[PDB]
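Undergrad: The structure's right below; bear with me while I get my questions together.
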Amino acid sequence: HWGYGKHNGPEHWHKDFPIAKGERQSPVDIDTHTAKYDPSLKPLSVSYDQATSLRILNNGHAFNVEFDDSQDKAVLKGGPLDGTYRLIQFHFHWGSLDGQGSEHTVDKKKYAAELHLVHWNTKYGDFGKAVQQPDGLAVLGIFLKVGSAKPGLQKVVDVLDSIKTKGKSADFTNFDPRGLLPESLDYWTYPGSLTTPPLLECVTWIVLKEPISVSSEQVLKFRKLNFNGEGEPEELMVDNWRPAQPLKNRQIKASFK
Ligand SMILES: CC(=O)c1ccc(B(O)O)cc1
Ligand SMILES: [Zn+2]
């Protein structure tokens, strides 16, 4: 199917997913000097106190920490969102080297990796119904650079040997995603889509300005994962990011000056 190589990478996705050439695709480059501070923006509200993680999965594209979204336990509201968005899963995209990996860029700058905290609007009932709506999803993007170690990430780094190949999964309860958040909630926001197929244009993107630091060893463990499935030729899971897409008829708002 689709992947990230030279034969199935992003530049090929449009053949099986025409919306790849859509009018509100992600990711995009964030021109910090062209984004306009928006007063009407309300303060962001991250209520992850009752978050309940369940499993960690290698899907052959990335690895998802999945949560129990059967109740309003870890929600995202305020900011540009109208209503309540339930956290369903979070994933990363990283590069083969520290100077790449992120999907969004800031003034064309690429980060070592990008963390996506995915939530879906609770007025749609579930995630599968929510992805079919223009305001069905809210994704919290957080950049990752190499530097100091991010303690709240080590628990995820330690379990990755259990999900090395596509399809493998492992119990992963009691993970607190608040350890993955940066100090500040300053953000840019814009209307976009999922960054992998089906590339549905259903996402409100909230990208935090302040990155989180991770050690080179923490990301190195990311690079030891496998695209392939067990017993198959080893393709290392690296550079699983979509490059910046055309901004088109969109303006990026900022929550700060
Ligand atoms: C297919 C799917 O479930 C998914 C795809 C991309 C993202 B993202 O851009 O944050 C999240 C979820
Ligand atoms: Zn993603």
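The way I read the labels, and the way they are meant: chains A, B, ... in the order of the structure tokens, residue 1 as the first residue of every chain, and ligand 1 as the first ligand shown, with later ones counted on from there.
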Pull the helix (DSSP H, G or I) assignments for segment 30-257 of chain A out of DSSP run on the backbone, and list those residues as a list in words.
TA: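 Taking segment 30-257 of chain A and keeping helix (DSSP H, G or I) only, one gets residues 127, 128, 129, 130, 151, 152, 153, 154, 155, 156, 157, 158, 159, 160, 161, 162, 163, 177, 178, 179, 180, 216, 217, 218, 219, 220, 221, 222 and 223 of chain A.
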Undergrad: Could you list, with a cut-off of 10 Å and counting only C-alpha atoms and all ligand atoms, the residues of chain A near ligand 2, each shown with its nearest atom pair and the distance in Å rounded to one decimal, rows sorted by chain and ascending number, as CSV?
TA:
residue,atom,partner,partner_atom_place_in_ligand_line,distance
A:26,CA,ligand 2,1 (Zn),9.5
A:27,CA,ligand 2,1 (Zn),9.2
A:61,CA,ligand 2,1 (Zn),9.6
A:62,CA,ligand 2,1 (Zn),8.5
A:64,CA,ligand 2,1 (Zn),9.6
A:90,CA,ligand 2,1 (Zn),8.1
A:91,CA,ligand 2,1 (Zn),6.3
A:92,CA,ligand 2,1 (Zn),6.5
A:93,CA,ligand 2,1 (Zn),6.7
A:102,CA,ligand 2,1 (Zn),9.8
A:103,CA,ligand 2,1 (Zn),8.1
A:114,CA,ligand 2,1 (Zn),8.0
A:115,CA,ligand 2,1 (Zn),7.4
A:116,CA,ligand 2,1 (Zn),5.3
A:117,CA,ligand 2,1 (Zn),8.3
A:118,CA,ligand 2,1 (Zn),8.1
A:139,CA,ligand 2,1 (Zn),8.3
A:140,CA,ligand 2,1 (Zn),9.7
A:141,CA,ligand 2,1 (Zn),8.4
A:193,CA,ligand 2,1 (Zn),9.7
A:194,CA,ligand 2,1 (Zn),6.6
A:195,CA,ligand 2,1 (Zn),5.5
A:196,CA,ligand 2,1 (Zn),6.8
A:240,CA,ligand 2,1 (Zn),9.4
A:241,CA,ligand 2,1 (Zn),8.1
A:242,CA,ligand 2,1 (Zn),8.9
Undergrad: Do you know which residues are at most 12 Å from residue 96 of chain A counting only C-alpha atoms, after dropping those on the same chain fewer than 2 positions away, and could you put them as an MDAnalysis selection string?
TA: chainID A and resid 93:94 98:102 111:113 216 219:225 235:241
Undergrad: With distances taken over only C-alpha atoms and all ligand atoms, which of A:46, A:180, A:106, A:137 is nearest to ligand 1?
TA: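 For ligand 1, the nearest of the candidates is A:137.
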Undergrad: Segment 69-99 of chain A near segment 181-186 of chain A within 12 Å: what's each residue's closest atom pair and its distance in Å to one decimal, counting only C-alpha atoms, ordered by chain then ascending residue number, as JSON lines?
TA:
{"residue": "A:76", "atom": "CA", "partner": "A:185", "partner_atom": "CA", "distance": 12.0}
{"residue": "A:78", "atom": "CA", "partner": "A:185", "partner_atom": "CA", "distance": 11.5}
{"residue": "A:79", "atom": "CA", "partner": "A:185", "partner_atom": "CA", "distance": 9.9}
Undergrad: Could those selected residues go to a file with C-alpha atoms, as a short mmCIF file (atom, residue, chain, number, x, y, z; two decimals), in the first residue's frame?
TA:
data_model
loop_
_atom_site.label_atom_id
_atom_site.label_comp_id
_atom_site.auth_asym_id
_atom_site.auth_seq_id
_atom_site.Cartn_x
_atom_site.Cartn_y
_atom_site.Cartn_z
CA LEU A 76 -8.99 19.46 24.72
CA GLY A 78 -10.91 26.33 24.41
CA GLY A 79 -8.61 28.04 21.96
#
Undergrad: Could you check the closest approach to residue 30 of chain A for each of A:210, A:161, A:217, A:107 and tell me which residue wins, using only C-alpha atoms?
TA: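 Closest to residue 30 of chain A of all the choices is A:107.
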